[PDB]
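Undergrad: Have a look at this fold, sequence not included:
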């Protein structure tokens, strides 16, 4: 649903469902290693060693997963 | 009853607000705040930091890092 | 009139009460002044009697000298 | 016309009409000293010592005029 | 389907032609890879067989090894 | 015939494009390019830099600095 974010929504939903570990590079140069708990259009909820991280997507540069998502 | 595509954001910040959970807020410029959520809209967050008020624009916010986890659904 | 009531109210109180505030930019640069006006994208600041038009996308935080009610 | 940019459009139009010199601080830390030739919603056209500068507004931090605009 | 025909066509050619490209981020950081997919906000890159989901707001420029027609 | 609020931008980049005027393009990260406009839409610019193609996102662009001034109206 909602066009122009089919890749984005699918990919983050795969990361979350598959519990794939990923490095999330922020545009400020900081980085987090975690699993996707949830997302909406503007934010992602992360688990980093049992603590919760709410990351704004405008702050995100890259997702780097441990293993690839099936397309 | 929600504006689509911001249900996670709105709920989480509201949970942070209602529970008055202390959080470290990392800004995109590398600055950081330790405080509690007083209010929010679509574009800004109002923080309580040691009894002083900080109005933070969400575009400048990178991460919310809470002291206690928020209950989801 | 939008989903922006917190921001509009707060900047409006800062203006009306003439509260002095430090405005930290995403630059890491900062301005210390009073708000004269704003719309959705900009704020007009008074800094030692001189006018500064700051874009809101460039702004990080408003830090007021005294709290807004 | 066009609500929520009454301050912005008026102020930049005053700078342009009045030919007031201003320092334009960019969010990258660079700065230009010039006069407003034109603007739309996303850009400003600047004159800096006789040469033209097209500045994107998303790149602009602050306008600092030599003299104040009448409100 | 928008005002975004240049961008959509170009990334689509890069993908179809399998052109290797350097992707410079607003970070000053860079990625060297191939485009697997994109939507309006993200691009999927192949970097040495590993997947990188890069947000378009984080991207500065695409620099292709060979020109697109 | 124009999309409101981008008449200056669209005209100027099109003039730069039609005249093939050489320009220095300063990016927000401090990087810079010297080239000519091949194409643009709302979100990107295509550059010719010494015969090589550069697709620049407009959000990463700070300034266009032209070699020759563009004729306005």
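TA: Nice, I can see it. Residues are numbered from 1 along each chain as shown, chains lettered A, B, ... in the order given.
Undergrad: and residue A:42, how many neighbours does it have?
TA: As a burial measure, residue A:42 scores 16 neighbours (other CB atoms under 10 Å in any protein chain shown). In this view, the C-beta of every residue, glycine as well, is placed from N, C-alpha and C.
Undergrad: How about residue A:60?
TA: By other CB under 10 Å, 23 other residues sit near residue A:60.
Undergrad: Give me the distance between it and chain B.
TA: Using CB to the nearest CB, to the nearest Å, one gets 9 Å for the distance from residue A:60 to chain B.
Undergrad: for the residue in chain A that chain D sits nearest to, what are its contacts?
TA: Among the residues of chain A, residue A:58 lies closest to chain D, at 12.4 Å counting by CB to the nearest CB. Contacts for residue A:58 (CB atoms under 8 Å, 6 or more residues apart in numbering or on different chains) come out as A:27, A:42, B:59, E:57.
Undergrad: was I right about residue A:69 contacting residue A:13?
TA: No: with contacts counted by CB atoms under 8 Å, residue A:69 stays clear of residue A:13, the gap being 9.5 Å.
Undergrad: re the thing from before, which SS state does the residue of chain A closest to chain D fall under?
TA: Put simply, residue A:58 is helix when judged by DSSP: H, G, I helix; E, B strand; the rest coil.
Undergrad: hmm, back to that, comparing residue A:69 and residue A:13, which shows the higher neighbour count?
TA: When residue A:69 and residue A:13 are compared for neighbours, residue A:69 comes out ahead with 18 against 14, by other CB under 10 Å.
Undergrad: Could I get the contacting residues of the more buried one?
TA: A:11, A:14-15, A:18, A:20, E:51.
Undergrad: who's in contact with the residue in chain A positioned nearest to chain E?
TA: Distances from chain A to chain E, computed as CB to the nearest CB, single out residue A:4 as the nearest residue at 3.5 Å. By CB under 8 Å, 6+ apart, residue A:4 lies in contact with E:2, E:39-41.
Undergrad: Tell me if it really is in a strand.
TA: No: residue assignment for residue A:4, taken from three-state DSSP, gives coil, which places it outside any strand.
Undergrad: what does chain A put close to chain E?
TA: A:4-8, A:11, A:25, A:27, A:29, A:57-58, A:60-65, A:68-69, A:71 (CB under 8 Å from any CB of the partner chain).
Undergrad: List only buried entries from those.
TA: Applying a neighbour-count criterion of 16 or more other CB atoms under 10 Å in any protein chain shown, the buried members of those are A:5, A:7-8, A:11, A:25, A:27, A:57-58, A:60-65, A:69.
Undergrad: Just these: which are in strands?
TA: Residues of those located in strands (DSSP state E): A:25, A:60-65.
Undergrad: For chain C, see how far away residue A:5 is.
TA: Summarising the geometry, the distance separating residue A:5 from chain C, computed by CB to the nearest CB, is 20 Å.
Undergrad: returning to that earlier point: which one of the ones in strands among the buried ones among the residues of chain A next to chain E is nearest to chain B?
TA: Top of the list for closeness to chain B, among those and by CB to the nearest CB, is residue A:60 at 8.8 Å.
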